[PDB]
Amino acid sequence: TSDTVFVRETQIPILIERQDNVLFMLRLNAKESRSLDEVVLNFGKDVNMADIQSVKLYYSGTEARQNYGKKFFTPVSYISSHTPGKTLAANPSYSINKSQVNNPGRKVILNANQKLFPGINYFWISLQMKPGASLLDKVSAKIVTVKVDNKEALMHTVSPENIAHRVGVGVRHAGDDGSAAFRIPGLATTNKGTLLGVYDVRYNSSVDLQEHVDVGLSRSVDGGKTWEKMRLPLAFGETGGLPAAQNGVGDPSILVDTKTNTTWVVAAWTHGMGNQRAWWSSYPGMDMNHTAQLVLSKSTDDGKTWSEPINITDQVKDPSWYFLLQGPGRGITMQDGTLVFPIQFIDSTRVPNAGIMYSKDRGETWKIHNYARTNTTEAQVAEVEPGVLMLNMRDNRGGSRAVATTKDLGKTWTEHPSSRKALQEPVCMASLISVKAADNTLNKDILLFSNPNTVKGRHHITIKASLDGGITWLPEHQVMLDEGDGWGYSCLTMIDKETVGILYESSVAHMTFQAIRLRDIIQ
């Protein structure tokens, strides 16, 4: 009986700056087959071939005998998203480049000429884009033929038809600017159309506070196609005479004041605490020697320069709380001009609760009333209707987002019908934004939500849209961006009236940016 070539097409971001991106994985258990001669690939008729730099065929060897029958399509991860300075190209010890076509036409014949191991053989196709490719590029392709021993082999494709591969930008890769890792994205759009992406700069490792951590900022003036040199809006160094690794600041949240175009970044500055996690090393009290400090930096020049830190802890923290901080990601300006950041606090019973913090005087003073729900942490807030705030919350009970609304800035809360039902989660950060009819090309109020669409692990990062104020999230109104494993956090914004932007922790880069046409999500 003939050997079958199994094909799995990927559904992960193709990074424009990467030298390799995994497009297809092939697996052949060679019982009769002696040689794989060539693979024939055909790109879709609508693909812009001028944006493609190269297509490559790699051989990645065999599998351990105990793993036969587990349906793996690779023996190992081919391209690192963690090794500093080694995240742009395939690890050459794992994959052998058999052939490559630079500036291909729509039909590509990739010469393998690979004698097969008597057993499982892994191959894959790498796609490399030109550095200037459009972020709205979609790539589709089919493997048409695989020639084995000078005959067309039987094929079986396990992945779905009509995959649209999307490109992206790795705004931050592991190792960039001397930092081991980047985590915890926030993203907003200024009134000038400028994109501001913030994140933790985790210099020593990927671990959470306490550690040597700054808040970094990447600024783009061309819709996310290019990003300016990293800025550091918040950084505490050797403040108070303690080492820099005992002065981390992180979990940033960004908002743009739409009335003035002033941008605010809020984060948690942790002082002391040895090398332990702030989540259980911040204690009751008010000063830096006991408890995490809530600090702001503002920019009045469209994100180019940033103020010294403004410590607002004494305005909003109850002394008996262990830890008050922002919900990472972004905040909002309400229609009436109120600025709002989601927040979370570990109360005096050591239980975390989400809520909101607001300012009615353009960020000069801030107020918190009551929590929305017990035993919740990271949350994002959206003005779903004028004067009605919806808080969408990470819930420690597991499995699904909690949702509540308030009409009085968090004095009182009402459980939403979608709560603990509509949006499954693995207990992870999620992004929520509201986009009003006046501001988007669909002329409909929409909610957009992003998270790992799973209840276990962090994978299948998905943007979901709701047309009925978050009551329903229809399957047809969703785009799955990244099937791979990552750290899972994401943040949304509108790039313009027709286009969604997302900054997130992906399987391919610590900070990944993608642009998605709104009409691709809601067709």
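The numbering used is simple: start at 1 and walk along the sequence shown.
Student: Can you tell me whether 227-235 has a higher mean C-alpha B factor than 106-114 in this record, or the other way round?
Tutor: Taking the mean B-factor of the alpha carbons in each, 106-114 is higher.
Student: Given the B-factors recorded for C-alpha atoms, which segment has the greater mean, 440-448 or 200-208?
Tutor: Taking the mean C-alpha B-factor of 200-208 and of 440-448, the larger value falls to 440-448.
Student: Checking the record values for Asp51, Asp485, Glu38, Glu63, which has the greatest CA B factor?
Tutor: Among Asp51, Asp485, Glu38, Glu63, the PDB entry lists the largest C-alpha B-factor for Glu38.
Student: Among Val213, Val171, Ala404, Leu296, where is the Cα temperature factor highest, going by the PDB entry?
Tutor: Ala404 has the highest C-alpha B-factor of those listed.
Student: Going by the CA temperature factor in the PDB record, which third of the chain does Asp177 belong to: lowest, middle or highest?
Tutor: Middle third of the chain for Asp177's C-alpha B-factor.
Student: Lowest, middle or highest third of the chain for the C-alpha temperature factor of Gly272?
Tutor: Middle third - that is where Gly272 ends up once the chain's C-alpha B-factors are sorted.
Student: Considering every modelled residue of the chain and its Cα B-factor in the PDB entry, is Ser418 in the lowest, middle or highest third?
Tutor: Answer is highest: the recorded C-alpha B-factor places it there.
Student: Which third, lowest, middle or highest, does the C-alpha temperature factor of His460 belong to within its own chain?
Tutor: Lowest third - that is where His460 ends up once the chain's C-alpha B-factors are sorted.
Student: By its CA B factor, does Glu308 count among the lowest, middle or highest third of the modelled residues in the chain?
Tutor: For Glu308, whose C-alpha B-factor we compare with every modelled residue in the chain, the answer is the highest third.
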